[PDB]
Protein chains: 2
Amino acid sequence: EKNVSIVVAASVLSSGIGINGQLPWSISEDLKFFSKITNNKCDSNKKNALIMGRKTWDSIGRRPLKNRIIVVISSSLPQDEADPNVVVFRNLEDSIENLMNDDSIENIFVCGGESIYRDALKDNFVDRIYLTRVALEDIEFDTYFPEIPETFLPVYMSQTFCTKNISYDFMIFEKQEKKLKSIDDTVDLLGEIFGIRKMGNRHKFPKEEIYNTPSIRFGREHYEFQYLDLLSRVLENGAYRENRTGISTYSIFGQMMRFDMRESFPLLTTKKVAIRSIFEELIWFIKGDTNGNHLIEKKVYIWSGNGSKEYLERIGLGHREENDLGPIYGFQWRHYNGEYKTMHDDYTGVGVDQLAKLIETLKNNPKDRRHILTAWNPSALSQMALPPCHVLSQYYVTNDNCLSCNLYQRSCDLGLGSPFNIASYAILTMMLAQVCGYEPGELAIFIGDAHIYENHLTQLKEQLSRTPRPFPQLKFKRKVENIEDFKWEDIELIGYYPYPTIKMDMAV
Amino acid sequence: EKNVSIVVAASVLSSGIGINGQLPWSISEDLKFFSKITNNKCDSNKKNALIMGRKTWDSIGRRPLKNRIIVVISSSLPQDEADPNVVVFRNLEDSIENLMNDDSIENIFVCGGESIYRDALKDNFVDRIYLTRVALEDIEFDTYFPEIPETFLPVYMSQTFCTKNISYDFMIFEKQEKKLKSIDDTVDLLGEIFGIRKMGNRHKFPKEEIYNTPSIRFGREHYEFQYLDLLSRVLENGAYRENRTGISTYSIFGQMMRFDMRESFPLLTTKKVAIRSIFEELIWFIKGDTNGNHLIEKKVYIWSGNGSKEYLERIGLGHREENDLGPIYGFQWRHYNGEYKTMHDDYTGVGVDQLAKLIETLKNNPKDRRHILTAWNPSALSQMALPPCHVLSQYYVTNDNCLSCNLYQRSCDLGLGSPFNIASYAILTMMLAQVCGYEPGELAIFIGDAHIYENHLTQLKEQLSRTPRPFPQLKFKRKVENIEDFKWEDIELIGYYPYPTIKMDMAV
Ligand SMILES: NC(=O)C1=CN([C@@H]2O[C@H](COP(=O)(O)OP(=O)(O)OC[C@H]3O[C@@H](n4cnc5c(N)ncnc54)[C@H](OP(=O)(O)O)[C@@H]3O)[C@@H](O)[C@H]2O)C=CC1
Ligand SMILES: NC(=O)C1=CN([C@@H]2O[C@H](COP(=O)(O)OP(=O)(O)OC[C@H]3O[C@@H](n4cnc5c(N)ncnc54)[C@H](OP(=O)(O)O)[C@@H]3O)[C@@H](O)[C@H]2O)C=CC1
Ligand SMILES: CN(Cc1cnc2nc(N)nc(N)c2n1)c1ccc(C(=O)N[C@@H](CCC(=O)O)C(=O)O)cc1
Ligand SMILES: CN(Cc1cnc2nc(N)nc(N)c2n1)c1ccc(C(=O)N[C@@H](CCC(=O)O)C(=O)O)cc1
Ligand SMILES: Nc1nc(O)c2c(Cc3ccc(C(=O)N[C@@H](CCC(=O)O)C(=O)O)cc3)c[nH]c2n1
Ligand SMILES: Nc1nc(O)c2c(Cc3ccc(C(=O)N[C@@H](CCC(=O)O)C(=O)O)cc3)c[nH]c2n1
Ligand SMILES: O=c1[nH]c(=O)n([C@H]2C[C@H](O)[C@@H](COP(=O)(O)O)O2)cc1F
Ligand SMILES: O=c1[nH]c(=O)n([C@H]2C[C@H](O)[C@@H](COP(=O)(O)O)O2)cc1F
């Protein structure tokens with residue numbers, strides 16, 4: 001009795017594994033993954049058996065795999081005693097003789113093909129499943145991977161990787177039925193004795209109900225989990241709290257999220273995010289534009305709520321024009337401590353330009369620790385339609401010439417603002433990277449107040465029910481001379497296949 | 001063959017467990033810990049045996065413990081068949097008969113006393129050790145806990161707790177000799193295939209050599225580990241990088257540290273920290289004082305390096321007086337965007353006072369998400385003797401009326417600056433708490449550039465060789481009317497017993 005694992009690479013949605021007697025994709029890293037995962041052995045005197053259909057055996061060019069014994073399933077092909085590394089069986093179950101005898105075989109893998117995969121699961125010979133999810137969909141498939149039976153649960157999901165602008169993950173499913181103790185007990189007892197006094201009780205591990213894809217425990221690599229687990233922690237430890245809006249939240253303090261921009265783009269796949277709305281807001285910041293109408297003309301309404309007439313009169317800004325938001329983001333970027341009159345005035349030449357000095361500092365003095373962009377001005381706070389949420393950002397040039405970004409955010413809406421903030425500063429870093437001639441680095445976001453508005457509860461619990469899909473890719477179609485020259489047409493979003501969009505009302 | 005555990009509470013240094021036939025301390029939580037840890041049983045039909053010396057049996061008033069069978073070791077006391085919950089044995093080894101027979105006993109605990117503890121370890125009957133470390137030292141002990149044999153390694157260290165201004169921990173030692181696999185292998189293989197491309201390879205788990213107290217793996221509760229593990233991560237993944245100083249560092253990006261100020265004070269015990277130097281710098285900030293000499297007069301030299309004549313002339317500030325540092329920390333706190341002349345001028349009335357508006361906002365509108373203190377001013381940056389390291393801080397009022405603090409730090413010296421910054425903002429939060437009538441909350445520090453200067457390598461590796469001791473306590477001797485009225489004499493540091501101070505030269 002030894003282990004039998006399925007190794008397969010299928011499309012993310014339709015699970016297509018092949019077209020016209022070959023692979024729909026060419027990914028070098030995945031073949032090397034197949035090579036290393038099937039060559040994995042504890043005993044040096046043993047080999048691993050690889051079961052595959054005849055057509056699959058044809059697809060590899062009918063040649064043996066090194067240090068492995070290929071088992072071909074065919075009712076046609078002769079059983080050949082010539083090649084010692086290749087053997088043919090008449091049916092799948094008889095090829096499972098590798099269990100009962102032949103102790104020279106340590107582990108068994110099913111390399112499959114649809115016909116083999118389907119009745120390998122159907123007859124339940126499969127202990128484990130190695131799935132490589134690929135982001136190619138709109139192409140054509142004549143061959144698919146059978147839907148994984150409910151007996152399996154994922155124990156692992158890797159980070160998103162990029163090869164030839166194609167995103168892919170690595171997942172491990174296991175067949176689960178059944179089910180040091182000293183430390184677990186002692187901590188629990190201390191938690192009983194001490195109340196909220198013990199800090200371990202102030203941050204509680206989320207209950208399985210609100211924990212996204214609970215079956216994956218030690219195996220969460222994917223950085224969308226960085227957001228989804230923060231979502232869960234707020235649903236668990238969140239204190240019910242009133243705020244300036246009539247809509248109360250559930251708030252916790254001192255949280256963070258890490259993101260990899262090297263091999264992927266941190267855009268949430270559990271909800272369809274409006275990327276155009278995000279970009280057009282970012283280039284709005286970069287241009288230094290405080291005019292709220294310029295966003296609305298482009299059909300981005302996110303700032304309409306804080307850009308109304310009724311809201312401005314309520315905060316004492318009633319003198320102001322309808323959508324004029326005051327010295328907000330991008331004003332403080334391009335002009336710092338500039339005296340603000342209206343949105344129509346020409347502010348060129350006034351105030352400190354941080355974004356300019358930022359870019360200038362990045363390429364001229366990369367190892368400088370002082371690259372910083374701050375939106376928080378105590379003097380201009382009263383003039384703003386709303387104080388900076390993402391307050392300050394620091395940028396870092398790695399020795400391999402990647403550009404990494406840290407962002408502190410004083411107040412964070414996990415339903416609306418956060419999905420935007422994650423992607424927005426991810427784009428900005430990529431923009432700052434191209435202008436300074438760098439590759440994208442890592443994105444880290446630090447959140448002071450992490451909250452969920454009570455009207456988003458039904459929606460965010462829905463979003464948590466969705467198992468994440470690999471991050472998309474974002475490439476620029478041209479290299480601009482100045483960072484202000486970026487246009488929406490220049491952005492190519494590759495392999496984004498999210499879950500249906502979730503509607504959530506903004507608290508004004 | 002069942003489990004035998006030692007349960008003991010000893011002083012942190014001299015390991016004294018008792019004085020004059022009783023305990024040197026009275027701690028309610030610890031007795032409840034003893035109660036719950038010795039009442040822990042899997043089977044409801046079984047009881048736990050507690051072995052203790054005669055004098056210890058005297059100390060509890062010679063009365064049985066509920067739901068437990070007390071085993072008293074004496075050569076004098078009669079063996080009494082009267083009380084079924086108490087039994088007397090002539091020697092320790094014969095009392096270990098609980099193993100060979102009497103299956104009504106599930107687990108065995110040694111409640112001890114010095115005479116029992118010493119030859120319980122000496123004859124090696126002890127599988128596990130439950131140690132409660134107490135911060136009382138300078139008092140008198142007639143009874144001690146024997147030095148733990150090298151056969152034991154700690155698997156757990158709890159957070160520091162406070163009872164009657166006394167700090168204490170909870171540790172678990174186990175006797176260790178000997179010594180899912182699928183996930184561990186798959187991740188390793190992906191790490192082989194992909195290079196630094198895989199983000200998991202960019203952040204590597206520290207090698208055992210540079211990992212502080214390696215035996216404690218899943219059991220690190222203590223928040224000094226938050227600093228010590230960050231120390232290790234930099235020693236592992238740190239990129240060698242040049243900077244403005246002639247001394248190069250090893251730098252990583254995007255790190256954080258959490259701290260509990262409720263039950264303890266986050267002051268490093270692995271190195272003796274100068275707390276007076278820290279405080280006098282903080283009250284220096286609070287007063288808004290930019291004069292570097294005022295620190296030197298109080299014999300705090302930390303700013304002397306950046307406060308010299310040669311350093312100022314080097315950065316183009318040569319016009320300035322010797323120790324005048326410009327619009328640095330506390331200037332920007334008390335006066336924001338104030339035009340800076342010299343350190344001697346009277347700045348009262350000019351600039352925005354953040355610290356004032358901060359305190360005013362905290363008690364008037366606690367649930368406000370806008371409490372923020374920023375030292376980073378793009379306009380005044382060129383005038384400063386050095387730009388802000390701890391850039392911005394946000395403060396949070398919990399529903400139970402505790403005050404929690406978040407701090408973003410753009411550049412962090414782990415050898416010198418960080419031990420100061422951790423304690424300094426811990427004090428400031430406690431000060432802001434008293435003025436606004438709150439209890440201390442949690443402290444979270446976010447670090448952009450976490451580095452170790454190459455001259456601190458020998459020192460910081462030494463510091464890593466020291467197993468942490470419970471955090472001290474910090475109490476104020478009086479309640480001030482204004483936050484500026486704090487004096488050094490007002491501070492009482494309770495139960496601080498660090499390792500010897502480690503000298504490290506500041507890079508100028
Ligand atoms: N993305 C991935 O990981 C993988 C993709 N693929 C792709 O999928 C395609 C091939 O898959 P697919 O179309 O399903 O063909 P198969 O790879 O499953 O090959 C099937 C062959 O196996 C034999 N066979 C199957 N079932 C039985 C049975 N019950 N008894 C006896 N013999 C049996 C038959 O051979 P015979 O008729 O001669 O008796 C049959 O033609 C290829 O394009 C390949 O590249 C393949 C493997 C992995
Ligand atoms: N901090 C903590 O967790 C604990 C502290 N303590 C403290 O320790 C102090 C007392 O401990 P300690 O001084 O060590 O005294 P003990 O508690 O160890 O009691 C010793 C007695 O046990 C009997 N005994 C010991 N060894 C033998 C033997 N080899 N054969 C037969 N009988 C033996 C003797 O009694 P006899 O006269 O009959 O021969 C001896 O006097 C107290 O202050 C107590 O409160 C105690 C337990 C826990
Ligand atoms: C057609 N086919 C089946 C195939 C293709 N992709 C897969 N991808 C995955 N994730 N899992 C599979 N089971 C899988 N199977 C192939 C094709 C080539 C090789 C192959 O060349 N393997 C080499 C590896 C080549 C290299 O290192 O790039 C080896 O040594 O194992 C294997 C299977
Ligand atoms: C003198 N003595 C020995 C003693 C004292 N402190 C210790 N502290 C520790 N951490 N470990 C020990 N083994 C220990 N032993 C005592 C004194 C009182 C009780 C006691 O009252 N136990 C009650 C608990 C009391 C309560 O719940 O507050 C119980 O039900 O177990 C036990 C041992
Ligand atoms: N209470 C509150 N929450 C916020 O998130 C904000 C913002 C930032 C912001 C960010 C995103 C949106 C938003 O409309 N998100 C959407 C829709 C996006 C779209 O269609 O444009 C969603 O994902 O459901 C709206 C506002 C600006 N002002 C805000 N005030
Ligand atoms: N490169 C660099 N690193 C720094 O940490 C600083 C600081 C802040 C700072 C923080 C701590 C010290 C310091 O000397 N600390 C000491 C000595 C304390 C004392 O005896 O007063 C220590 O505990 O080891 C000196 C300066 C100010 N300027 C700095 N420049
Ligand atoms: O990028 C943003 N992200 C975000 O989450 N908000 C939300 C956070 C908060 O719910 C609201 C305003 O916070 P506050 O009322 O504390 O000023 O705006 C606003 C942004 F601009
Ligand atoms: O509180 C402080 N903490 C700290 O770590 N530094 C260090 C960080 C850095 O090593 C040095 C100067 O930062 P930089 O040269 O990058 O501007 O001062 C200074 C402080 F005042």
# chains A, B, ... in the order shown; residues from 1 in each chain; ligands from 1
$ select_by_dssp --residues "range 84-333 of chain A" --states "strand (DSSP E or B)" --output "number ranges by chain"
A: 86-89, 105-112, 128-134, 143-144, 152-157, 161-163, 166-168, 171-175, 220, 239-241, 249-260, 291, 324
$ interface_residues --of "chain B" --to "chain A" --cutoff "8 Å" --atoms "only C-alpha atoms" --output "ChimeraX atom specification"
/B:29,32-33,36-37,155-156,158-159,161,172,183,186-187,189-190,193-194,197-199,219,239,241-244,253-254,260,262-263,336-337,352,354,367-370,374,376,378-379,387,394,396,399,404,406,408,410-411,444,446,448-449
$ residues_near_ligand --ligand "ligand 6" --cutoff "6 Å" --atoms "only C-alpha atoms and all ligand atoms" --output "PyMOL selection string"
chain B and resi 273-274+277+300-303+413+416-417+420+503-504+506-508
$ write_last_selection --atoms "N, CA and C atoms" --output "CSV table (one decimal), in the first residue's frame"
chain,number,residue,atom,x,y,z
B,273,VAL,N,18.9,48.5,28.5
B,273,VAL,CA,18.6,49.7,27.8
B,273,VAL,C,18.6,50.9,28.7
B,274,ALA,N,19.0,52.1,28.2
B,274,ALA,CA,19.1,53.3,29.1
B,274,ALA,C,17.7,53.9,28.9
B,277,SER,N,17.7,57.9,29.3
B,277,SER,CA,18.1,58.6,28.0
B,277,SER,C,16.9,58.6,27.1
B,300,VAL,N,22.5,63.1,28.2
B,300,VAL,CA,22.0,62.2,27.2
B,300,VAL,C,22.7,62.6,25.8
B,301,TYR,N,23.6,61.8,25.4
B,301,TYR,CA,24.5,62.1,24.2
B,301,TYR,C,24.0,61.6,22.9
B,302,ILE,N,22.9,60.9,22.8
B,302,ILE,CA,22.4,60.2,21.6
B,302,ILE,C,22.3,61.1,20.4
B,303,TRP,N,22.0,62.4,20.6
B,303,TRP,CA,22.0,63.3,19.5
B,303,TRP,C,23.2,64.1,19.2
B,413,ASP,N,17.3,51.6,12.9
B,413,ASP,CA,18.6,50.9,13.4
B,413,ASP,C,18.2,49.9,14.5
B,416,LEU,N,20.5,50.2,17.8
B,416,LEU,CA,20.4,51.4,18.7
B,416,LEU,C,19.0,52.1,18.6
B,417,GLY,N,18.6,52.6,17.5
B,417,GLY,CA,17.3,53.3,17.4
B,417,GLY,C,16.1,52.5,17.7
B,420,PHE,N,15.2,52.0,21.4
B,420,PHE,CA,14.7,53.3,21.9
B,420,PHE,C,13.3,53.6,21.4
B,503,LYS,N,27.5,47.5,24.2
B,503,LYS,CA,28.0,48.7,23.6
B,503,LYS,C,28.0,48.7,22.0
B,504,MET,N,27.3,49.6,21.4
B,504,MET,CA,27.3,49.7,19.9
B,504,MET,C,27.4,51.1,19.5
B,506,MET,N,27.2,54.4,17.2
B,506,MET,CA,26.3,55.0,16.3
B,506,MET,C,27.0,55.5,15.0
B,507,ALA,N,26.4,55.1,13.8
B,507,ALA,CA,26.9,55.6,12.6
B,507,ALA,C,26.4,57.0,12.3
B,508,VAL,N,27.3,57.9,12.1
B,508,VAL,CA,26.9,59.4,12.0
B,508,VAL,C,26.8,59.7,10.5
$ residues_near_ligand --ligand "ligand 1" --cutoff "6 Å" --atoms "only C-alpha atoms and all ligand atoms" --output "ChimeraX atom specification"
/A:8-10,17-23,53-56,59,73-76,90-91,111-116,143
$ residues_around --residues "range 468-477 of chain A" --least-positions-apart "4" --cutoff "10 Å" --atoms "only C-alpha atoms" --output "PyMOL selection string"
chain A and resi 12-13+133-135+157-162+165-170+212-213+222-225+228+260-271+426-427+430-431+434+463-464+486-499
$ closest_residue --among "B:363, B:220, B:63, B:47" --to "ligand 4" --atoms "only C-alpha atoms and all ligand atoms"
B:63
$ atom_distance --atom1 "CA of residue 333 in chain A" --atom2 "CA of residue 356 in chain A"
8.6 Å
$ closest_residue --among "B:48, B:38, B:177, B:78" --to "ligand 2" --atoms "only C-alpha atoms and all ligand atoms"
B:78
$ closest_residue --among "B:96, B:317, B:142, B:44" --to "ligand 2" --atoms "only C-alpha atoms and all ligand atoms"
B:142
$ atom_distance --atom1 "CA of residue 483 in chain B" --atom2 "CA of residue 380 in chain B"
25.5 Å
$ residues_around --residues "residue 331 in chain A" --least-positions-apart "3" --cutoff "12 Å" --atoms "only C-alpha atoms" --output "PyMOL selection string"
chain A and resi 284-291+325-328+334-343+346-348+350-355+373-377+380+383-384+388
$ write_last_selection --atoms "N, CA and C atoms" --output "compact mmCIF listing (two decimals), in the first residue's frame"
# COMPACT_ATOMS: atom_id res chain seq x y z
N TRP A 284 -5.31 60.69 -11.93
CA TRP A 284 -5.93 61.91 -11.44
C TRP A 284 -5.08 62.50 -10.33
N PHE A 285 -4.59 61.64 -9.45
CA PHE A 285 -3.68 62.05 -8.38
C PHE A 285 -2.37 62.55 -8.96
N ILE A 286 -1.80 61.78 -9.88
CA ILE A 286 -0.50 62.08 -10.47
C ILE A 286 -0.50 63.45 -11.15
N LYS A 287 -1.58 63.75 -11.86
CA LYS A 287 -1.71 65.04 -12.54
C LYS A 287 -1.90 66.19 -11.55
N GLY A 288 -2.22 65.86 -10.30
CA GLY A 288 -2.41 66.86 -9.28
C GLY A 288 -3.80 67.47 -9.29
N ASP A 289 -4.70 66.82 -10.02
CA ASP A 289 -6.05 67.34 -10.22
C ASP A 289 -6.92 67.15 -8.99
N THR A 290 -7.47 68.25 -8.49
CA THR A 290 -8.40 68.22 -7.37
C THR A 290 -9.86 68.29 -7.83
N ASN A 291 -10.07 68.39 -9.14
CA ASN A 291 -11.42 68.54 -9.68
C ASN A 291 -12.15 67.21 -9.71
N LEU A 325 -12.89 69.45 -4.22
CA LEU A 325 -12.59 68.67 -3.02
C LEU A 325 -11.50 69.28 -2.14
N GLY A 326 -10.89 70.37 -2.58
CA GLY A 326 -9.83 71.00 -1.82
C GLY A 326 -8.49 70.31 -1.97
N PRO A 327 -7.50 70.71 -1.15
CA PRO A 327 -6.13 70.19 -1.21
C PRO A 327 -6.02 68.72 -0.80
N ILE A 328 -6.64 67.84 -1.58
CA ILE A 328 -6.62 66.41 -1.32
C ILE A 328 -5.45 65.73 -2.03
N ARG A 334 1.80 66.94 -5.77
CA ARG A 334 2.41 67.87 -6.71
C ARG A 334 2.71 69.24 -6.10
N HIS A 335 1.84 69.72 -5.22
CA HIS A 335 2.09 70.99 -4.54
C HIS A 335 1.89 70.86 -3.03
N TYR A 336 2.97 70.92 -2.27
CA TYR A 336 2.85 70.77 -0.83
C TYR A 336 2.91 72.12 -0.14
N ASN A 337 2.00 72.32 0.82
CA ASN A 337 1.84 73.59 1.52
C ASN A 337 1.48 74.73 0.57
N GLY A 338 0.94 74.39 -0.59
CA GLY A 338 0.45 75.38 -1.52
C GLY A 338 -0.86 75.96 -1.02
N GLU A 339 -1.00 77.28 -1.09
CA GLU A 339 -2.25 77.90 -0.67
C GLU A 339 -3.35 77.56 -1.66
N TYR A 340 -4.43 76.96 -1.17
CA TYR A 340 -5.49 76.49 -2.04
C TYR A 340 -6.59 77.54 -2.20
N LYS A 341 -6.89 77.87 -3.45
CA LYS A 341 -7.96 78.81 -3.75
C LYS A 341 -9.20 78.05 -4.23
N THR A 342 -9.14 77.57 -5.47
CA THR A 342 -10.18 76.72 -6.03
C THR A 342 -9.54 75.63 -6.88
N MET A 343 -10.36 74.79 -7.50
CA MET A 343 -9.84 73.73 -8.36
C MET A 343 -9.47 74.26 -9.74
N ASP A 346 -4.50 77.93 -11.43
CA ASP A 346 -3.29 77.29 -11.92
C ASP A 346 -2.23 77.25 -10.82
N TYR A 347 -1.95 76.05 -10.32
CA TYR A 347 -1.05 75.88 -9.19
C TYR A 347 0.38 75.52 -9.60
N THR A 348 0.65 75.52 -10.90
CA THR A 348 1.99 75.23 -11.39
C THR A 348 2.99 76.23 -10.82
N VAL A 350 3.77 76.57 -7.56
CA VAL A 350 3.56 76.77 -6.13
C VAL A 350 3.61 75.45 -5.38
N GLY A 351 4.14 75.49 -4.16
CA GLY A 351 4.20 74.32 -3.31
C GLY A 351 5.34 73.38 -3.65
N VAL A 352 5.61 72.44 -2.75
CA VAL A 352 6.67 71.46 -2.95
C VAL A 352 6.15 70.28 -3.77
N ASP A 353 6.88 69.92 -4.82
CA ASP A 353 6.49 68.76 -5.62
C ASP A 353 7.20 67.53 -5.09
N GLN A 354 6.45 66.65 -4.44
CA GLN A 354 7.02 65.44 -3.87
C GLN A 354 7.24 64.38 -4.94
N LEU A 355 6.22 64.18 -5.78
CA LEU A 355 6.27 63.16 -6.83
C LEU A 355 7.45 63.39 -7.77
N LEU A 373 6.37 59.73 0.14
CA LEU A 373 5.28 60.55 -0.38
C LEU A 373 4.19 60.66 0.67
N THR A 374 3.97 61.86 1.19
CA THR A 374 2.98 62.07 2.24
C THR A 374 1.84 62.99 1.80
N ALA A 375 0.62 62.56 2.08
CA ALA A 375 -0.56 63.37 1.77
C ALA A 375 -1.09 64.13 2.98
N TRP A 376 -0.49 63.91 4.15
CA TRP A 376 -1.07 64.45 5.38
C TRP A 376 -0.47 65.80 5.75
N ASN A 377 -1.26 66.85 5.57
CA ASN A 377 -0.87 68.20 5.94
C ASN A 377 -1.83 68.79 6.97
N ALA A 380 -3.63 72.03 5.91
CA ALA A 380 -4.62 71.97 4.84
C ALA A 380 -5.75 70.99 5.14
N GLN A 383 -9.35 72.25 5.04
CA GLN A 383 -9.82 72.65 3.71
C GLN A 383 -10.27 71.47 2.87
N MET A 384 -9.83 70.27 3.24
CA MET A 384 -10.08 69.08 2.43
C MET A 384 -11.50 68.55 2.57
N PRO A 388 -6.64 62.55 4.27
CA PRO A 388 -6.01 61.41 3.59
C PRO A 388 -6.23 60.09 4.32
$ select_by_dssp --residues "range 64-172 of chain A" --states "helix (DSSP H, G or I)" --output "PyMOL selection string"
chain A and resi 93-100+114-122
$ atom_distance --atom1 "CA of residue 208 in chain B" --atom2 "CA of residue 126 in chain B"
26.7 Å
$ closest_residue --among "B:191, B:307, B:440, B:61" --to "residue 321 in chain B" --atoms "only C-alpha atoms"
B:307
$ residues_around --residues "residue 204 in chain A" --least-positions-apart "6" --cutoff "8 Å" --atoms "only C-alpha atoms" --output "tab-separated table (two decimals) with C-alpha atoms, in the first residue's frame"
chain	number	residue	atom	x	y	z
A	233	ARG	CA	-9.98	38.82	11.54
A	236	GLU	CA	-14.00	37.95	14.42
A	237	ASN	CA	-12.38	40.55	16.69
$ closest_residue --among "A:82, A:5, A:71, A:132" --to "ligand 3" --atoms "only C-alpha atoms and all ligand atoms"
A:132
